[PDB]
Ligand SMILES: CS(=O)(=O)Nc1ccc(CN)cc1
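The chain below stands alone, shown as structure tokens; this is the form solved without this ligand.
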């Protein structure tokens, strides 16, 4: 799967909010482009002159994520975050020249991402009360991965002492994206666990934080809520469900070729961190069938 790389796999079946620190610092920002940020301004001008209803928005930038030694007390993850924007994204990661920016970043800074916006995404492995994961079909009109299968998620917008508020907005944002797109009540959702971070190599390496969320509704109830919103209540064109039993071997199915890179990241991390039992009971052949 060359289109996705794992940057982080969380321990202990995934990390809760209270175990994560953020450092939000202008040291974690994109570096100015070698020939100047005028190239970004020029792409943005061209785009607004064809689609003048477009608007910019701030985004978090992922610089890096350091895990503590396993089994330790205290905070288990440090996220190093800067600030970027939708405009910077369109001028770097989504540029035809994005691979040239990665090579120049390697040369100048020893960092393939130094010249890339790299806005941070969130996604969820969302499980139902009857043990299915939730999948969504993308419109055939979107710029990236058109008509592909996705999971719930989005790209959160800004507004350990500013740090704890930033971790809170990240966890809050994945629940809000579930409520907005799947049309579920907030009180049917568990507090999220962070499974890990995955990079989309088809989008010049921009990362997404992948979470586990449990819903108290059945697959049939989730479907009713999604559909009862009508076509205008969601960006996706359909919803569907796969038994958690069957998610284990999804990379061997014809579905795998239809999954967008960030959804592949969510499913790989779900299988490694929530699946793959460690103990004698769940590890026994009748509960963990060989092959």
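Numbering follows the first chain given and starts at 1. Rigid core: the largest C-alpha set superposing within 1.5 Å between the two forms.
> On a core superposition, give the stretch, 141-149 or 166-174, with the larger average C-alpha separation from this form in 7 other deposited structures of this protein (RMS over structures and residues).
Relative to the shown form, the greater RMS C-alpha distance in 7 other deposited structures of this protein belongs to 141-149.
> Our gap detector needs a label for residue 141 to residue 142. Which class matches the unmodelled residues of the deposited sequence there: none, 1 to 3, 4 to 9, or 10 or more?
The entry leaves nothing out here.
> For the stretches 162-170 and 93-101, which has the higher mean C-alpha B-factor as given in the deposited record?
Result of the comparison: 162-170.
> Given the B-factors recorded for C-alpha atoms, which segment has the greater mean, 188-196 or 150-158?
Per the PDB record, 150-158.
> Classify residue 230 as lowest, middle or highest third according to the C-alpha B-factor given in the PDB entry, relative to its own chain.
According to the entry, residue 230 has a C-alpha B-factor in the chain's highest third.
> Based on the entry's values, in what third of the chain does the Cα temperature factor of residue 183 lie: lowest, middle or highest?
It falls in the top third of the chain.
> Residue 283's Cα B-factor: lowest, middle or highest third of the chain?
CA B-factor rank for residue 283: highest third.
> Splitting the chain's C-alpha B-factors into thirds, which one does residue 276 fall into?
Highest third of the chain for residue 276's C-alpha B-factor.
> Going by the CA temperature factor in the PDB record, which third of the chain does residue 265 belong to: lowest, middle or highest?
According to the entry, residue 265 has a C-alpha B-factor in the chain's lowest third.
Just so it is clear, the following notes concern the form solved in complex with this ligand, a form of the same protein that is not shown.
> If we take heavy atoms and a 4.5 Å cut-off, which stretch out of 212-220, 187-195, 108-116, 170-178 is in contact with this ligand in the bound PDB entry?
Result of the contact check: 170-178.
> Look up in the bound PDB entry whether residue 245 has a non-hydrogen atom within 4.5 angstroms of this ligand, and give yes or no.
Yes, residue 245 is a contact residue.
> Residue 153 versus this ligand, in the bound PDB entry: is there a non-hydrogen atom within 4.5 Å?
Yes.
> State yes or no: in the bound PDB entry, is some non-hydrogen atom of residue 235 no more than 4.5 angstroms from a non-hydrogen atom of this ligand?
Residue 235: contacts this ligand in the bound PDB entry.
> For residue 249, is any heavy atom within 4.5 Å of this ligand in the bound PDB entry, or not?
Result yes; residue 249 sits at the interface with this ligand in the bound PDB entry.
> Can you pick the one in 157, 201, 130, 160 that has a heavy atom within 4.5 Å of this ligand in the bound PDB entry?
Selected option: 157.
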